[PDB]
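Starting off, we have a lone chain in the form deposited in one PDB entry, written out as structure tokens.
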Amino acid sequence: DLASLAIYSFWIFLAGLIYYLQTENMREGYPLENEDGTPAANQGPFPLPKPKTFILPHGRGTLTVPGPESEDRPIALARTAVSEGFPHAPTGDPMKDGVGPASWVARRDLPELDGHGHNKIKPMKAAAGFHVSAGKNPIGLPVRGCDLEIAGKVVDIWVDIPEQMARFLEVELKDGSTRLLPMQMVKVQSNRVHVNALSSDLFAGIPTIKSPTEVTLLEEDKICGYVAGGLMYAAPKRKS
């Protein structure tokens, strides 16, 4: 019977498809590892797929995956137990060390580029002629932390040019320098910008950028990680 053949065939196709899908999804983070960074004995029944190569635009190179995985950074953590499967305690200050919910990946220390090869993200003052088109303009507002203390003041919005959206608020601290706060981590209110993740005294600790009119993939990760990390690590000063 033809319908029997079709259904039997479809199930074979589907098993092959799942196989293809599962192996495609192993192009990052494999091979599996023990807690010490060495190859685990049990890799499971799916083998790594043949490598593929992405040609990156603007002479940024290629990416080939799967390939040799390494963190390319020290991880300030240590075992809390004598066997596998337990948590690893921060050895220093997890906010400063960039671990746990404060983690960052070692992405390329260059800015994301748009389709024309220009910096994707720019402060608004340097983006012609971008401006606030709706909603409360946060520029000028005091920035309050989860301790209800003023940490600083908004001096600009960093915008995504090709996608015409707000990505960071640039915030000036008591000392005259600035930090970026991810847009997703702030509440813009009528009289303030409220930051639930950080108490005021942790604002100085926000990773700084090296050029004041661009931000690198690497710097983005450190900022976003640091600010997210505050949810867990600032919790003693909140109390909300």
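Each form is matched to the other, and the largest set of C-alpha atoms that superpose within 1.5 Å is called the rigid core. Numbers for residues come from their place in the sequence shown, where the first is 1.
Just so you know, the form deposited in another entry exists too; it's not on screen, but the next bit is about it.
Student: Which residue moves between this form and the one not shown, judged by a Cα shift of 2 Å or more on the rigid core: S190, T53, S211, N42?
Tutor: After core superposition, the single residue displaced by 2 Å or more is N42.
Student: So with the core overlaid, does the Cα of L63 end up 2 Å or more away between this form and the one not shown?
Tutor: Moves: no, less than 2 Å.
Student: On a rigid core superposition, would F10 pass a 2 Å threshold for CA movement between this form and the one not shown?
Tutor: Stays below the 2 Å threshold, so no.
Student: Would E33 count as moving between this form and the one not shown, using a Cα shift of 2 angstroms or more after superposing the core as the test?
Tutor: Where the cores coincide, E33 still shows a C-alpha shift between this form and the one not shown that is 2 Å or more.
Student: Considering a change of 3 Å or more, are the Cα atoms of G37 and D97 closer or farther in that other deposited form than here?
Tutor: Farther is correct, given that in that other deposited form the C-alpha spacing of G37 to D97 is increased by at least 3 Å.
Student: Look at the CA atoms of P31 and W104: state whether they lie closer or farther apart in that other deposited form than in this form, given a difference of 3 Å or more.
Tutor: Their C-alpha distance shrinks by at least 3 Å in that other deposited form.
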